[PDB]
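Report on the following structure.
What's counted below: heavy atoms across the whole structure, side chains too, no hydrogens, waters or symmetry copies. Numbers restart at 1 for each chain; the letters A, B, ... are given by sequence-line order, proteins then strands.
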Amino acid sequence: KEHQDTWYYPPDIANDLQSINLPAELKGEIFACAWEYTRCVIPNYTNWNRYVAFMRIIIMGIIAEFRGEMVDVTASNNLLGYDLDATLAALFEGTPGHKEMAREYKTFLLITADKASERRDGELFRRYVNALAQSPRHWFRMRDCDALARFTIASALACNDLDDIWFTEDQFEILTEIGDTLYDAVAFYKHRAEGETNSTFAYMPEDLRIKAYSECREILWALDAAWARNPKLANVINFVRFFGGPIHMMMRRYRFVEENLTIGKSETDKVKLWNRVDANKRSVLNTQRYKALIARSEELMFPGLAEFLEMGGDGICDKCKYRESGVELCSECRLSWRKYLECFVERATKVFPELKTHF
Amino acid sequence: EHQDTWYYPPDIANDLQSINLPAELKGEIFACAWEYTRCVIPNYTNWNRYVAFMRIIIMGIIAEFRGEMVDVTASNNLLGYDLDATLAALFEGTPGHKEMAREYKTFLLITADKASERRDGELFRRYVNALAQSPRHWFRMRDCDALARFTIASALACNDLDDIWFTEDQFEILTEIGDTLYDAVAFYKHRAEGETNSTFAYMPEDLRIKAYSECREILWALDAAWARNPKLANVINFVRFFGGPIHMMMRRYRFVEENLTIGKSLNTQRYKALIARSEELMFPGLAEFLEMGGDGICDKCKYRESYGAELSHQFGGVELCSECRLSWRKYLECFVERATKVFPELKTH
Ligand SMILES: [Zn+2]
Ligand SMILES: [Zn+2]
């Protein structure tokens, strides 16, 4: 009686992973997911070879997240039978950010694969998690990377052949903050259940979730109005809008249907010993891995991440509870995070002046 | 708590000069036109068509707000807009200009009457009854009520895709997907509002979740099958973003107020006169639908005198019988079969 999903995807990717022995049902669902994500958050395309590149970037990141052993962006440049530099070139060759985005993506595969493997207990991840909680601006920069937000703004530009359009770093940070805030606001109860740490409103105060969503949505509406008559920038708004919650309704990866076409929770609704032993013998906290990766910070890490890990890896703050061998913010850090959120509107109006010259 | 500030292009900023409504209302209305248009037509190439579409929606919004203010019969000049002129700006040079004019005038016609004293009259009683004659008929009329093929039409227009069109049967399936997606998500809200135009007032509540899943699957199949044709992506995008997501995205809806949750809250003279204007006002077939269906074909089916007295926390149209409920059930159950006949590129994977 109850609908079983059949997986649809274009034949371009249907014979990918010919070298990987995953059940054929699971390949289909990975391919379906990659197609569904692409179409939801990049709904317009002109360049099909770029669209397909992006699909392959998502395929790898799904597999990276499900069996981290398989996807070691440090070890080789051939991942799951794909040429990673070549696939990224297929997407970004001619675009202003190619170099910085290839670094963005490799950081994503590093942290994702390490988070979904024995290397979760390793110095590198430990230092990533502590550096998350360093400041709210740091949190969002790193949240951006975990979600491939600025990476997907670029790929959206790219896939519509908009090879000349780009953004200040301040702008990228506001755009991704809007998307990540929208997404984490909608996904709050799902993140709490499954015990997800990379969630804005696990750090930011819960009492401001509804206002933050309201303001981020209003500002993106404002920003879209300001950019009216420039269909090219409509693709940057589209990424942020569809990413920011709607994909929960549209992609089979999410549970809209299994949860009776509801999102969220009303006010009146209900609320590895041996793996840790045998990992310590294999010296899981590999500092030589960490230092080796800090050495390759021009290849594997986004601009400033190496300096972020070195300064914040052990936690800057004295009263904050950090990860030792996520972060529980102290009350003075909770208040500064709160202050950073509460003045979101000013912060975005500074970086995007066009918001104040409406008519 | 959050007090909305309204954003919209300047182009329509000084629309409705002629009309005397408070500037905030006009701000909310322009906002909704802009937001609906960006949500369900998220790409454009031709700005002057985009803006016509926004004007098409502005008028539609007010028709629903105050029907008395938009009477598409009375005159072709509504709220200082020339309807035929806006429609021409949007659809001139495109396959369905003439058909989409009718589509829209029906929408204004029916929405005005729904939201006015004319809800007690003979046209609307015949409309409500006609809705429930047949499931095919239901989806065709619901299509018009939601401007589904109108907006598929508009989305091609706004992207200068003047050569692209679909058969009646493809429009019927395209809009059935979109309207089944939307009416499955909005079930409880439609029921609270005593709506007549809700798919699951008529189709069975225990197929609501499955029908959504099935429509979302086939739309993914159609999308995949349309791989490498980014013109047709504009069509998929309309059905996808219309079929639920607008509830999250538009300030028209109550996602923020509901704490970022979804689904967790006897005179004949006018009727006759408009049926004689069927070429201008009614979509191809609606006259026959209204004439054959207006009084009800079925006899175990429970109708009403007028649909005028305002209802709440219950659907406010024909209550189908044991036998009609089963033929409707069956029309739903073969949805996948019907969609595969109409778009054979589905089974040819
Ligand atoms: Zn602290
Ligand atoms: Zn009956």
Side-chain angles (χ1 to χ4, degrees), chain A residues 1-3 5-12 32 35-36 39-40 43-46 48 51 160 185-186 188 209-211 213-215 217-218 221-226 228-229 231 234-235 237-238 241-242 244-250 252 256-257 260-267 269 358-359, chain B residues 1-2 4-11 13 31 34-35 38-39 42-45 47 50 181 184-185 187 208-210 212-214 216-218 220-225 227-228 230 233-234 236-237 240-241 243-249 251 255-265 349:
Chain A
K1 221 227 143 295
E2 266 185 340
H3 189 264
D5 284 326
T6 311
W7 304 124
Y8 299 95
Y9 40 83
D12 297 57
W35 169 238
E36 293 190 2
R39 287 286 300 114
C40 286
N44 317 314
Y45 71 92
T46 59
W48 177 256
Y51 219 40
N160 283 284
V186 172
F188 177 55
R209 185 162 72 93
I210 304 296
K211 178 179 168 282
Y213 181 92
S214 309
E215 289 179 5
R217 177 172 79 173
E218 177 156 286
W221 272 124
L223 197 63
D224 194 20
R229 302 168 140 292
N235 302 292
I237 300 297
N238 294 350
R241 178 167 283 132
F242 297 130
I247 42 164
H248 287 241
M249 292 186 70
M250 311 188 279
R252 307 191 276 161
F256 191 52
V257 162
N260 277 271
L261 312 180
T262 71
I263 274 130
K265 292 279 169 224
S266 57
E267 260 140 346
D269 254 340
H358 89 277
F359 199 69
Chain B
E1 222 290 334
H2 179 81
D4 275 290
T5 311
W6 303 122
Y7 300 86
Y8 40 86
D11 294 62
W34 173 237
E35 287 187 15
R38 283 284 301 126
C39 281
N43 207 166
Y44 63 95
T45 55
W47 177 259
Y50 219 63
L181 287 172
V185 173
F187 181 59
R208 185 167 68 89
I209 304 325
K210 200 184 167 140
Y212 182 101
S213 311
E214 286 201 329
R216 182 176 71 177
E217 178 152 292
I218 290 302
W220 278 119
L222 196 57
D223 197 10
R228 258 173 199 284
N234 290 281
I236 298 286
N237 297 347
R240 184 160 295 142
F241 298 131
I246 43 169
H247 283 247
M248 287 194 152
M249 293 190 303
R251 297 187 273 176
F255 190 59
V256 159
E257 291 77 0
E258 298 172 341
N259 308 302
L260 311 188
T261 64
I262 280 174
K264 285 218 164 178
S265 301
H349 61 268

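- Of the inter-residue distances, the one linking B:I246 atom CD1 with B:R38 atom CZ reads 14.5 Å to the nearest 0.5 angstrom.
- For the set B:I236, B:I209, B:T45, the entry with the most heavy-atom pairs within less than 4.5 Å of chain A is B:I209.
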message: Let's go through A:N238 and A:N44 carefully: what are the C-alpha distance in whole Å and the side-chain angles of both, what is the deciding distance for side chain to side chain contact (heavy atoms under 4.5 Å, CB included) to 0.1 Å, and is it a yes or a no?
response: CA-CA 9 Å; A:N238 294 350; A:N44 317 314; 3.4 Å; yes
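- For A:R229, the parts lying under 4.5 angstrom from a heavy atom of chain B are both the backbone and the side chain.
- Among B:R208, B:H2, B:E1, the residue making the largest number of heavy-atom pairs under 4.5 Å with chain A is B:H2.
- Looking only at heavy-atom pairs under 4.5 Å with chain B, the residue among A:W35, A:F188, A:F359, A:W7 that has the most is A:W35.
- If you measure heavy-atom distances from B:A225 to chain A, you find no contacts under 4.5 Å at all.
- In terms of modelled atom types and a separation under 3.5 Å, the side chain of A:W221 and the main chain of B:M249 share a donor-acceptor contact.
- Between chain A and the options B:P10, B:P42, B:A227, heavy-atom pairs under 4.5 Å are most frequent for B:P42.
- Side-chain contact between B:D223 and A:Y8: absent, with no pair of heavy atoms (C-beta onward) separated by less than 4.5 Å.
- Only the side chain of A:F256 has a heavy atom closer than 4.5 Å to any heavy atom of chain B.
- Proximity to chain A is absent for every atom of B:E258, based on heavy atoms less than 4.5 angstrom apart.
- Between A:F242 and B:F241, the closest side-chain pair of non-hydrogen atoms falls below 4.5 Å.
- Both the backbone and the side chain of A:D5 come within less than 4.5 Å of a heavy atom in chain B.
- Contact annotation for A:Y51: neither backbone nor side-chain heavy atoms come within less than 4.5 Å of a heavy atom of chain B.
- Most heavy-atom pairs under 4.5 Å with chain A: of the set B:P230, B:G243, B:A13, this distinction falls to B:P230.
- Contact check on B:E35 versus B:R251 returns a salt bridge, with a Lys/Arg side-chain nitrogen under 4.0 Å from an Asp/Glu carboxylate oxygen.
- Using a 4.5 Å cut-off between heavy atoms, B:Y44 touches chain A through backbone and side chain atoms alike.
- Only the side chain of A:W48 comes within less than 4.5 Å of a heavy atom of chain B; its backbone N, CA, C and O stay farther away.
- Most heavy-atom pairs under 4.5 Å with chain B, from the set A:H358, A:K211, A:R241: that is A:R241.
- Counting heavy-atom pairs closer than 4.5 Å to chain B, the top residue among A:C40, A:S214, A:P246 is A:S214.
- Side-chain contact between A:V257 and A:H3 is absent, with no heavy atoms from C-beta onward closer than 4.5 Å.
- Chain B forms more heavy-atom pairs under 4.5 Å with one residue of A:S266, A:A222, A:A234, A:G264 than with any other, namely A:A222.
- Side chains of A:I263 and B:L260 form no contact here, defined as non-hydrogen atoms less than 4.5 Å apart.
- Here the side chains of A:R217 and B:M248 are not in contact, with every heavy-atom distance at 4.5 Å or above.
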